[PDB]
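Structure record follows, encoded as structure tokens.
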Amino acid sequence: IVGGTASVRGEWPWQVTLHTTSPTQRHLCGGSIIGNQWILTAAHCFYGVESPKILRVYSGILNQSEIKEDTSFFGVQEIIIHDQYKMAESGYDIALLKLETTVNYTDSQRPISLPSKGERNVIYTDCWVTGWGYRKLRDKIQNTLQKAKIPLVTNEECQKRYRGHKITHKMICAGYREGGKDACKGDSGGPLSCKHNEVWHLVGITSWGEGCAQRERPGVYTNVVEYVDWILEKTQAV
């Protein structure tokens with residue numbers, strides 16, 4: 001996160017850090033708890049991941065320093081990538097992780113509500129992006145979970161800023177015209193969380209952008225409300 005500040009412990013209790021153990025253990029991406037066995041994240045995070053066996057999900061974390069060899073984690077049973085996904089910039093950048101065990105909810109770890117098809121009309125004015133990603137374009141993963149408050153921009157405006165791309169209705173953009181606050185490398189897969197009528201909703205998933213926090217280059221996020229039917233289909237037992 002560029003231009004953000006340190007989070008308060010437990011203020012984003014749906015945020016997880018997804019690690020890979022290959023070749024040695026490191027943070028791979030962010031994600032969000034949406035159900036007792038389910039994390040919602042970005043499909044592009046799984047490039048070159050050939051098995052869920054190398055993944056570890058940690059919940060209730062503020063500082064990466066909390067994660068040691070003796071720290072409990074959730075194994076991943078299954079990676080479900082949207083079948084239309086090809087790459088982040090073409091959309092469909094959404095994946096589910098089915099956990100091996102269920103999360104016991106607590107003040108430190110609990111699910112975020114999905115957006116309602118009914119709140120598509122709502123003007124979300126209280127939106128935050130969070131993660132352990134870079135604080136500049138070439139940097140490193142941060143110890144403390146960062147947060148930044150960022151305004152949504154209309155799809156028409158976002159399209160004007162990305163002339164070589166198609167910004168579709170399945171994407172949502174957020175940023176300041178002057179830049180300075182944005183997600184960056186390592187924040188991918190984490191939430192864009194918006195507070196409306198005293199309830200937090202998972203509005204976006206951090207997906208892509210040109211650089212980080214540049215002038216006239218808003219961040220691009222998966223528009224989660226366009227995938228609530230997909231999420232329901234994929235999380236039902238069969």
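Every chain in the structure tokens has a letter given in the order shown (A, B, ...), and although residue numbers restart at 1 in each chain, ligands are simply numbered from 1 in the order shown.
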
Which residues of segment 8-101 of chain A come within 12 Å of segment 175-197 of chain A, and what is each one's closest atom pair and distance in Å (one decimal), counting only C-alpha atoms, sorted by chain and residue number, as a tab-separated table?
residue	atom	partner	partner_atom	distance
A:11	CA	A:193	CA	11.5
A:12	CA	A:193	CA	8.9
A:13	CA	A:191	CA	11.1
A:14	CA	A:191	CA	8.6
A:15	CA	A:190	CA	6.8
A:16	CA	A:190	CA	7.7
A:17	CA	A:190	CA	8.4
A:18	CA	A:189	CA	9.2
A:19	CA	A:186	CA	10.9
A:26	CA	A:186	CA	10.7
A:27	CA	A:186	CA	7.7
A:28	CA	A:186	CA	6.6
A:29	CA	A:186	CA	5.4
A:30	CA	A:190	CA	4.0
A:31	CA	A:190	CA	4.3
A:32	CA	A:190	CA	6.2
A:33	CA	A:191	CA	9.7
A:34	CA	A:191	CA	10.8
A:39	CA	A:189	CA	9.9
A:40	CA	A:189	CA	7.6
A:41	CA	A:189	CA	4.2
A:42	CA	A:189	CA	4.2
A:43	CA	A:189	CA	7.8
A:44	CA	A:189	CA	8.3
A:45	CA	A:189	CA	7.1
A:46	CA	A:189	CA	10.2
A:88	CA	A:188	CA	10.0
A:93	CA	A:189	CA	8.7
A:94	CA	A:189	CA	8.0
A:95	CA	A:189	CA	8.7
A:96	CA	A:189	CA	10.3
A:97	CA	A:189	CA	11.4

Between atom CA of residue 213 of chain A and atom CA of residue 126 of chain A, what is the distance, to one decimal in Å?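 One can read the atom CA of residue 213 of chain A to atom CA of residue 126 of chain A distance as 18.6 Å.
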
DSSP says strand (DSSP E or B) for which residues of segment 45-189 of chain A? Put them as a ChimeraX atom specification? /A:55-58,63,74-81,95-99,106,109,113,127-131,144,146-149,152-153,171-174,182

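Closest approach to residue 137 of chain A among A:49, A:173, A:212, A:228: A:212, based on only C-alpha atoms.
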
Write down as a ChimeraX atom specification the residues belonging to segment 24-236 of chain A that are assigned helix (DSSP H, G or I) by DSSP computed on the backbone. /A:43-46,52-54,64-66,88-90,117-120,155-161,224-235

Those residues you just picked out, can you put them in a file as a compact mmCIF listing (two decimals), in the first residue's frame with C-alpha atoms?
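Done, and the output landed in out.txt:
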# COMPACT_ATOMS: atom_id res chain seq x y z
CA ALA A 43 -6.89 -15.57 -9.57
CA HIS A 44 -3.66 -14.03 -10.85
CA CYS A 45 -1.98 -14.80 -7.52
CA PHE A 46 -1.79 -18.47 -8.50
CA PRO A 52 -2.70 -26.17 -2.99
CA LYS A 53 -0.23 -28.12 -0.80
CA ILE A 54 2.31 -25.26 -0.80
CA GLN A 64 4.22 -10.50 9.38
CA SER A 65 6.67 -10.92 12.30
CA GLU A 66 3.88 -12.81 14.11
CA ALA A 88 -5.62 -9.80 -14.43
CA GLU A 89 -6.05 -7.03 -17.01
CA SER A 90 -8.73 -8.99 -18.91
CA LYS A 117 -27.04 -6.56 -5.96
CA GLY A 118 -29.33 -3.91 -4.41
CA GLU A 119 -26.45 -1.69 -3.30
CA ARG A 120 -25.10 -1.29 -6.87
CA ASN A 155 -16.07 3.32 -14.94
CA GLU A 156 -16.29 6.08 -17.57
CA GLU A 157 -13.54 8.03 -15.76
CA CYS A 158 -11.40 4.95 -15.25
CA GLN A 159 -11.72 4.10 -18.94
CA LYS A 160 -10.35 7.55 -19.84
CA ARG A 161 -7.22 6.74 -17.80
CA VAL A 224 -17.28 -8.40 -6.43
CA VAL A 225 -21.03 -7.82 -6.78
CA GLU A 226 -20.77 -9.13 -10.37
CA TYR A 227 -19.58 -12.47 -9.00
CA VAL A 228 -22.00 -13.17 -6.13
CA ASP A 229 -23.82 -15.76 -8.27
CA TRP A 230 -20.47 -17.38 -9.14
CA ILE A 231 -19.42 -17.39 -5.47
CA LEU A 232 -22.70 -19.04 -4.50
CA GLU A 233 -22.36 -21.68 -7.26
CA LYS A 234 -18.79 -22.52 -6.32
CA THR A 235 -19.18 -22.66 -2.52

Might you pull out every residue within 12 Å of residue 36 of chain A, with only C-alpha atoms counted and same-chain residues fewer than 6 positions away left off, and present them as a ChimeraX atom specification? /A:14,59,74,97-106,109-112,235

By how many Å are atom CA of residue 131 of chain A and atom CA of residue 57 of chain A apart?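 Atom-to-atom, atom CA of residue 131 of chain A and atom CA of residue 57 of chain A are spaced 14.1 Å apart.
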
Computed gap from atom CA of residue 91 of chain A to atom CA of residue 25 of chain A is 28.6 Å

Among the residues A:83, A:154, A:67, A:125, the one that comes closest to residue 168 of chain A [using only C-alpha atoms]: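 Among A:83, A:154, A:67, A:125, it is A:154 that comes nearest to residue 168 of chain A.
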